[PDB]
Each structure stands twice: as structure tokens, then as C-alpha cells.
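Take a look at the structure set out below.
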Amino acid sequence: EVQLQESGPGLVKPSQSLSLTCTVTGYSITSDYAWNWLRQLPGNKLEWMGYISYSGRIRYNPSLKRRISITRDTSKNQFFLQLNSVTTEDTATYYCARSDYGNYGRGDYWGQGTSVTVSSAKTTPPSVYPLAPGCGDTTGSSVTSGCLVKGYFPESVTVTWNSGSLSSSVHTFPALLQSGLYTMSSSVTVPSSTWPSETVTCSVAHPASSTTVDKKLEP
Amino acid sequence: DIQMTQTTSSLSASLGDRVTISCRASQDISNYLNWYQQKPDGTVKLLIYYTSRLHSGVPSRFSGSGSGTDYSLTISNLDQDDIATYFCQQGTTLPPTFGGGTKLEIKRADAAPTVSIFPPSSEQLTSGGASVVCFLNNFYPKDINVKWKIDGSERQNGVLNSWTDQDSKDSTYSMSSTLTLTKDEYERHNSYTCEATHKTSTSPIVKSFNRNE
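Line by line, the protein sequences are chains A and B. When you line the first sequence up against the numbering used here, it's residues 1 to 219, in that order. When you line the second sequence up against the numbering used here, it's residues 1001 to 1213, in that order.
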């Protein structure tokens, strides 16, 4: 029943500092153990950043010790990271974790990670485009439809579908930078007898821009 | 910094198999090795600590061995749920340092992709752009080639492909390919093709459409 979850801004401009919070629950951060910041950079290269003990002792990765500061707030049972002078190299998914203080040095509970991007690039809402078969394309046993979410920044995007049938297999394709801006897509497959009968629409939520569009898919 | 090295980063095996992932340290680390499993969604879990001890919860089919600089994780009776990347961590000196990871793919019966092509939407075309899209769904193995042919002529430039992780339920992969060009480029050519070449088939799987229809 011990749980950690991190949170903070997903976009940060170069040269500014990055602040994240981890929120611990099910366990006091004062009782025992060490509490850690780690991050995973592109190419899956996993790097430890620091900890703060239950006793308030603090330790940093030498590579980062010029620019890093871990603090805690035992009232709210929280600990915090601050990384100054961020460049784009500092783009990674950041992770809080609990460990042995000493002995085996094992991380026994982790947050789910939070992705942070360092760019001066402006936040942008997506364009959402429906993907329906070309009218000549007479089909068979079932039908695939999709959304195209294009020209947005930063990541991430949630795409969710509604139709009628819980026999709907979805796929979500990871986003890619198309000249400065991102683009992603998603497919759904449905029995060919449920469409165009039963309406099908997708929902594309972009928090950084705080936006949601819903496209219906027409024949 | 103790440097950790997992010389293999890709691994593929059948359900029920036994698989070893190996880990090597720049210097003696005296059995303080930990093993972590990261799922494609990025959740992270400790498997084994201090070379061989099982973290509370972790299936016994997980085990570890090693001394000095050389260590190994062993997953046996391999499971659909075991699709993840496996990381070794040295816990002897600060900073703690991790390996590069080993991705584990579960094997699966060969599977031909279900392919679909889609023309630009009405809306995008108003916006002055035009993107033709192609799904190639549920295939194995992951290895696959896609060609775009515009009026028969191959197109390399401006194609964006995107693969999914191996499906955690049926052990397949999927991919989207997107050809983007201007509305004017689009409107200056009649037929758009999407050719898939894949192990499962000696000749390509070709889907396309014609604007003149």
C-alpha cells in the first residue's frame, strides 16, 4: 500500500529550472528508507539523481551536483526535485523511488514516471483528421478507421474511441516530430456490420494546450 | 562510476522457455546487484535484489546468479506477461548505476499484416495539406517494409512510419505509415499506393486508391 506519484510541468524553457514533486502515500517519509530522483533519457539510459533520507540526509550524482537540489516537506509528506539551468539534454522521463538507506540499495517502490521536455518551442493544439475508407473501397468482414493527430506540441495526447461494440481493438501509434511539431495516429477496428450504422467518433485530448476535439467518422 | 553492461539488448523466445539476461560490472561489486523490470507503459518493478533474493510478490520462476563482476538474471517458464525491458543495477557505491537494458520479445506464430489505406480528409485539404495514411495491423515478426508509390513512382521523401510495442496480449506488432505532401502535389497525381513486403508473403500486399474515383 506504499505509493509514490510525481508531478510537475511537462514543458520547460532552456535555462530555467525544473521542479517536480513526488507525493508519497501509505508510508511516512520520516520513518525509514531513502527517497530518490532518477530519470531515463532517450535511448533508455537510466540515471540516478539523488536522494533524501528519512533523517533528511541528502546526496547527489556528481555529474549533476552543480545544478540539483532535493528538499522535502514532511507536513505534506512530499519530496521535491529542482534542476537548474536545463538544456535540451535534460529532456527525459523523471522518476521518484523509495530505497534501502544503505544495505542492499534496492528501489522497492517507484512512481510511474513523468515526462518533461526542454524546448523553447511554443505549445500548440493538435489538428484532428478523420480516417475513413475511400468511397470505392468496398470492404469485408470488418472495418478499420482512425484519427490523425497532427501538428501539435508538446507530447502527450490521449485518443479514446466510442462506437457501440466492446469488440473494438484499438492501436495507438507513438508520435513523431514532423519538422518541429509532433504527429501521431490511432486505428480502431469494428465489425463491418456496425458501421456506418452505429456512429463512431474519436476523442483527442491535449492537456498542455488544455484542448479536446471529437471527430465523427463519416462514410 | 561503476559502468554496467548488458551486452545483449534484444532477446526473443517462445512461451515456456528459459532465458538468461546477463550483466557485467566495470569492477567487483560483491553481489550487490538488483534487477528491475520496466513494462512498455514505463512502470518499473524490482525483481531480485542482492544477486539472487526475490522481492516479495515476484514469481519464483525469476532467479539470479553471479559473483565479482559477472551476473545473470534467469526467467524460466516464460510468460505472456513477461514482455518488458530488464535492467540490472549495482548497489555497492554511489552513484547507483544501471545497465542499458535488455528488451524481451515473446515469439509467436507468423502473421500477415491487415493493411488499410486512407485518403486525405476533406478538412485537411481545406487547410492546404494532404496526408495519405496506411495502417498495417497485427503482424509478426516485427520486421517489415513499406513503399509509397505515387502514379507508380516510389516515394521515399516525407514518409513517417511508427511502430507499436509488441502487443501484450497476442504478441503482435502494428505500424502506421504516413505520406505527407501539399494539396497541390496531391492534386497533381491520380493514384496512391501502399505496398507491404513481409515474411508471411512472397509478393507484396498492395493497397491503393485513385482520386479520379
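By construction, the Cβ of each residue, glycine as well, lies at the ideal position given by its N, Cα and C atoms.
{"Asked": "Extent of the continuous alpha helix (DSSP H) run through B/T1126", "Found": "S1122 to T1126"}
{"Asked": "Within 8 Å, strictly: CB atoms of A/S63 and A/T139", "Found": "no"}
{"Asked": "Boundaries of the beta strand (DSSP E) in which B/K1183 is found, first to last residue", "Found": "Counting along the chain, B/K1183 falls outside any beta strand (DSSP E), though it belongs to the alpha helix (DSSP H) covering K1183 to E1187."}
{"Asked": "Beta-carbon proximity check, A/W161 vs A/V204, cutoff 8 Å", "Found": "no"}
{"Asked": "Coarse secondary structure for B/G1129, derived from DSSP in three states", "Found": "strand"}
{"Asked": "Separation of A/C135 from A/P219, as counted between CA atoms", "Found": "7 Å"}
{"Asked": "Residue range of the unbroken beta strand (DSSP E) whose run includes A/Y182", "Found": "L181 to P191"}
{"Asked": "9 Å Cβ cut-off: residues of chain A touching B/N1034", "Found": "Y104, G105, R106 and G107"}
{"Asked": "Contact set for B/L1011: own chain, Cβ-Cβ below 8 Å, skip 5 residues either direction", "Found": "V1019, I1021, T1102, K1103, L1104 and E1105"}
{"Asked": "Minimum length 3: unbroken beta strand (DSSP E) runs contained in the region 1028-1107 of chain B", "Found": "1033-1038, 1044-1049, 1062-1067, 1070-1075, 1085-1090 and 1102-1106"}
{"Asked": "Through-space distance from A/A175 to A/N103, alpha-carbon basis", "Found": "41 Å"}
{"Asked": "Alpha carbon of B/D1081 to alpha carbon of B/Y1036, nearest angstrom", "Found": "15 Å"}
{"Asked": "Integer-rounded CB distance, given that A/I70 should sit under 8 Å from A/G50", "Found": "5 Å"}
{"Asked": "Separation of A/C202 from A/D214, as counted between CA atoms", "Found": "5 Å"}
{"Asked": "Contact list for A/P133 against chain B, beta-carbon separation under 8 Å", "Found": "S1116 and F1118"}
{"Asked": "A/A121 versus A/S127, A/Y95 and A/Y152, residue with shortest Cα-Cα distance", "Found": "A/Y152"}
{"Asked": "Inter-residue Cα distance where the pair is B/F1118 and B/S1176", "Found": "11 Å"}
{"Asked": "Alpha carbon of B/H1189 to alpha carbon of B/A1130, nearest angstrom", "Found": "12 Å"}
{"Asked": "Within chain B, partners of A/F173 - CB distance below 8 Å", "Found": "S1162, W1163, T1164, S1174, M1175 and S1176"}
{"Asked": "Spatial distance of B/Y1186 from A/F173 (CA atoms)", "Found": "24 Å"}
{"Asked": "Any chain B beta carbon closer than 8 Å to A/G10", "Found": "no"}
{"Asked": "Cβ shell of A/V2 (< 6 Å), same chain only, five flanking positions each side left out", "Found": "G26, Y27 and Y109"}
{"Asked": "Contact set between B/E1123 and chain A, taken where Cβ atoms lie within less than 7 Å", "Found": "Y129"}
{"Asked": "Within the region 22-92 of chain A, ranges of the beta strand (DSSP E) (whole runs, at least 3 residues)", "Found": "34-41, 45-53, 58-60, 68-73 and 78-83"}
{"Asked": "B/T1085 at chain A interface by Cβ criterion, 8 Å", "Found": "yes"}
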